[PDB]
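Letter by letter, the sequence shown follows residues 1 to 66 in the deposited numbering.
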Amino acid sequence: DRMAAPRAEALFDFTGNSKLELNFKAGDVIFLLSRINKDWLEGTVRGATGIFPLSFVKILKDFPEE
Numbered sequence: 001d002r003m004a005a006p007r008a009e010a011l012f013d014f015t016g017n018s019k020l021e022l023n024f025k026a027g028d029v030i031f032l033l034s035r036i037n038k039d040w041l042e043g044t045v046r047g048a049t050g051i052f053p054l055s056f057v058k059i060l061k062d063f064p065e066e
């Protein structure tokens, strides 16, 4: 895609615990790798991967749901 791919702008600064948990900053913006359930999602930002709460990010684009 690289045109309308998924991405959410970090509204605040998050800091996961382990690798499984992602840690971004206010204004990091992730590409979103996938969804966990509804309140938690996955994405890679700042060379870091893991999961993060959707309540701490502004979904600027949803995943490619055909």
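Each residue gets a CB set at the ideal place from its N, CA and C atoms; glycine is no exception.
query = What are the partner residues of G47, as DSSP defines its beta bridges?
reply = Here residue 47 corresponds to residue number 47 of the sequence shown, with the count starting at 1. The bridge partners DSSP lists for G47 come to none.
ask   = By Cβ distance below 7 Å, which residues in the same chain neighbour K58 in space, the five residues on each side in sequence not counted?
value = Position 58 of the sequence shown holds residue 58. Around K58, the same chain offers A8, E9, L11 as residues with beta carbons nearer than 7 Å, after the five sequence neighbours per side are excluded.
message = I'd like to know whether the C-beta atoms of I51 and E65 end up nearer to each other than 8 Å.
response = Position 51 of the sequence shown, counted from the start, is the residue given in the question as residue 51. Position 65 of the sequence shown, counted from the start, is the residue given in the question as residue 65. Note that the C-beta distance between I51 and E65 is not below 8 Å.
key: Beta-bridge pairing of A10 - partner residues as DSSP gives them   = Locating residue 10 in the sequence shown gives position 10, counting from the first residue. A10 pairs with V57.
query = Ordered along the chain, which non-local residues of its own chain (more than five positions away) have a Cβ less than 8 Å from that of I30?
reply = Residue numbering aside, residue 30 sits at position 30 when the sequence shown is read from its first letter. Leaving aside the five residues that flank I30 on each side, the residues in its chain whose CB is nearer than 8 Å to its CB run, in chain order, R7, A8, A10, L22, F24, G43, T44, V45, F52, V57.
request  = Thinking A4 and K61 are a contact (beta carbons under 8 Å), I'd like their distance in whole angstroms, please.
outcome  = Counting from 1 along the sequence shown, the entry for residue 4 is found at position 4. Counting from 1 along the sequence shown, the entry for residue 61 is found at position 61. In this structure, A4 and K61 form a Cβ contact; the two beta carbons are roughly 6 Å apart against a cut-off of 8 Å.
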